[PDB]
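here is the sequence, then the experimental structure:
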Amino acid sequence: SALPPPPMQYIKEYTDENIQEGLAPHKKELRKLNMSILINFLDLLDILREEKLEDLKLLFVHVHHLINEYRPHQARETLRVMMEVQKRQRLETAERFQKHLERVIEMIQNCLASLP
Amino acid sequence: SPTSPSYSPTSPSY
Amino acid sequence: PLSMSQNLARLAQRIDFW
Amino acid sequence: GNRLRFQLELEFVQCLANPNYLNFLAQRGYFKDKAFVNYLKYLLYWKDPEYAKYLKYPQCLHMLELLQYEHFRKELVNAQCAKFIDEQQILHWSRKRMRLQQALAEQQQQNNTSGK
Amino acid sequence: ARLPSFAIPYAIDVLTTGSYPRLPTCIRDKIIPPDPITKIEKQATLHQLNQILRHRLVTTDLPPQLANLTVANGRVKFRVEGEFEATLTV
Amino acid sequence: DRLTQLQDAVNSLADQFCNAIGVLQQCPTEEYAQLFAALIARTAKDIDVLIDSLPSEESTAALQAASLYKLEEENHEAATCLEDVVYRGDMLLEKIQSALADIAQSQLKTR
Amino acid sequence: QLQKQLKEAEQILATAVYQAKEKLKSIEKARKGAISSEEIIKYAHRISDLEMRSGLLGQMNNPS
């Protein structure tokens, strides 16, 4: 049987002494592509090889890498919003606590104004 | 946790 | 899975004077 | 080793993630050398901003965590564990399932919306 | 075709060193090493307890036996002349 | 999200291109032909998606960094104001706690 | 009445303080490299036994 491995080795010498010295070292575009894709499937249906089959492959891989590309844009956006909703709560909670603190400030304030 | 037949051995791995 | 007040129970139970 | 011990740790952890690989290490019979304690630490350095910018298994952390508290090493003499702890990982491998469904409900709720 | 995996989440979390994916309603993991201790916070709770004990004393209908009332660290003190002391935790 | 769908749409595109032939290459006889009228009709509903999947991306996306950047500072200016509040509370309350210690001790030295 | 008023105002603002400390530990480190991630993006991307024994290292350990 093959196996799992051992720990490392020069894991060994390390004890208080060593480590001291062993330290640490174009979308609408796509639209063409697909409408085509429709169309190519079509012709494929049409006449009635290798030539065609590989064709689609190329084309599908086209649209693939196409969308493939697109993905990290929305990635960024996720960031954009990520901070943005950070801002979101940020502001909410701020004015939140505040407005409360106010109303209670009056609460205590009139409570003492309730005293003469 | 012991959902079933508590007994298992440390490393008798066969 | 919350409360500032709850903490007081768990800290109170954990906390004291082979 | 110069450039190597670099990647060495890199791996060593990277695989320290999988837990079996613990028990492997464990009922293997190791956990008796502070050089492991160090090695903990030594790796543990890994938890640095740069430091992970290669890493692939964000289990690594929890690893160190566990495998930082000797009690884990104490416990892992067994795989029963390996079920349990490994069970959480299998359950996690979630969001994709929610996508397929939370929609699904969206749609039904929409039936209700159209139910009005 | 695919592998489209993007996931900023842990990407953040690791960017902050690491993440939540251990045990949310699956706490056992951290759990199974029993929870630790704390010394830094061994004082805010004690002081807040002392203050609410003072407040209960305000909200008490105290009997005359409360004299020589000294407040201490997590130990309510009521010493009488006949010298039985109870440090209970209104 | 919505990306992954377009990926799902491309997966369907092939998937279709296959079983939409599947039986055909392997063989209710016009019923067949409606299995097929479908087969396409499914392809249809897909292409539909394609179409709708489609209207989705927004097109000068490079700079959106620099937008983020102006925004970055925003997040910062949030930092400023809100934290200032934090201190403001910090201060004010301080007084409350104060007066509190006052009463408790004082009244017990009154009661 | 004062006091209970306080009580609230407090453990409320306490609520704050929690979310706050989030705000701090973050706010130091907040937005590292501010692109600084994109790697993490693809990173996780291509991130996402024998495998491990496709251990470039262990692969060095073939005997050794």
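Great, that's in hand. Residues are numbered from 1 along each chain as shown, chains lettered A, B, ... in the order given.

SS state for whatever residue of chain E ends up closest to chain G?
Closest contact between chain E and chain G, by CB to the nearest CB, is at residue E:5 (3.5 Å). Every C-beta, even on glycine, is put in place using the N, C-alpha and C of the backbone. On the three-state scheme (DSSP: H, G, I helix; E, B strand; the rest coil), residue E:5 is labelled coil.

what residues are up against it?
G:44, G:45, G:47, G:48 (CB atoms under 8 Å, 6 or more residues apart in numbering or on different chains).

can you tell me which of those are in helices?
Among these, the ones falling in helices (DSSP state H) are G:44, G:45, G:47.

gap between the nearest residue to the last one once chain neighbours are set aside and residue E:19?
Which is residue G:47. Nearest residue to residue G:47 in three dimensions, chain neighbours excluded: residue D:56, at 4.6 Å (CB to CB, 6 or more residues apart in numbering or on different chains). Going from residue D:56 to residue E:19 by CB to CB, to the nearest Å gives 14 Å.

repeat for residue F:17
40 Å.

out of the contacts of residue E:5, which is nearest to chain D?
Relative to chain D, and with distances defined as CB to the nearest CB, the nearest of the contacts of residue E:5 is residue G:47, at 4.6 Å.

which residue does chain C have closest to chain A?
Counting by CB to the nearest CB, chain C gets nearest to chain A through residue C:4 (13.4 Å).

can you get me a residue count around residue D:63?
Using other CB atoms under 10 Å in any protein chain shown, residue D:63 is surrounded by 23 other residues.

got the phi and psi for the closest residue in space to residue D:79 that isn't next to it in sequence?
The shortest distance from residue D:79 to any non-neighbouring residue, by CB to CB, 6+ apart, is to residue D:23 (5.1 Å). Dihedral pair for residue D:23: phi -60, psi -40, per degrees, to the nearest 10.

measure how buried residue D:23 is and give me the count.
Around residue D:23 there are 23 residues (other CB under 10 Å).

list the contacts for it?
B:11, D:76, D:77, D:78, D:79, D:81, D:82.

show only the entries of these found in helices.
Per DSSP H, the contacts of residue D:23 map to helices at D:81, D:82.

what's next to the longest helix belonging to chain D, contact-wise?
The helix that spans the most residues within chain D, counting by DSSP H, is helix D:95-115. Defining contact as CB under 8 Å, 6+ apart, one finds that helix D:95-115 is touched by F:1, F:4.

ok, now with 7 Å
residue F:1 (CB atoms under 7 Å, 6 or more residues apart in numbering or on different chains).

off-centre distance for it?
32 Å (CA atoms, centre = their mean, to the nearest Å).

emit the PyMOL select command for whichever of the contacts of residue D:23 are buried.
Buried residues within the contacts of residue D:23, by 16 or more other CB atoms under 10 Å in any protein chain shown, are selected in PyMOL with:
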select buried, chain D and resi 76+77+78+79+81+82
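
now the helices for the chain?
No chain specified, so I'll use chain A. Applying DSSP H to chain A gives helices spanning A:17-21, A:27-46, A:50-70, A:72-113.

wrong one, I was asking about chain D
Counting by DSSP H, the helices of chain D are D:2-16, D:19-28, D:34-44, D:59-68, D:70-75, D:80-92, D:95-115.

helices and strands around the fifth one, which ones?
Helix D:70-75 is packed against no helix or strand, with contacts defined by 3 or more CB pairs under 7 Å, 6 or more residues apart in numbering or on different chains; DSSP states H and E.

top of the ones in helices among the contacts of residue E:5 by number of neighbours, please.
Neighbour-wise, these (other CB under 10 Å) top out at residue G:44, 20 neighbours.

wait, that one sits on residue E:11?
Yes. Counting by CB atoms under 7 Å, residue E:11 is a contact partner of residue G:44 at 5.7 Å.

contacts only, for the residue of chain F found nearest chain C.
Going by CB to the nearest CB, chain C is nearest to residue F:93 of chain F, at 14.3 Å. Contacts for residue F:93 (CB under 7 Å, 6+ apart) come out as G:9, G:10, G:13.

so the second one is in which element?
When you say that, I think you mean residue G:10. Here residue G:10, judged by DSSP states H and E, is contained in helix G:2-29.

report the angle between that helix and helix A:72-113.
Angle, helix G:2-29 to helix A:72-113, by axes from the mean of the first three to the mean of the last three CA atoms, to 10 degrees: 150 degrees.

do helix G:2-29 and chain D meet?
No. Using CB under 7 Å from any CB of the partner chain, helix G:2-29 never reaches chain D; the gap is at least 8.2 Å.

show the contacting residues for the spatially most central residue of chain B.
Centroid check for chain B by CA atoms, centre = their mean gives residue B:8 as the closest residue, at 1.6 Å. Listed by CB under 7 Å, 6+ apart, the contact set of residue B:8 reads D:78, D:80.

8 Å - rerun?
D:78, D:79, D:80.
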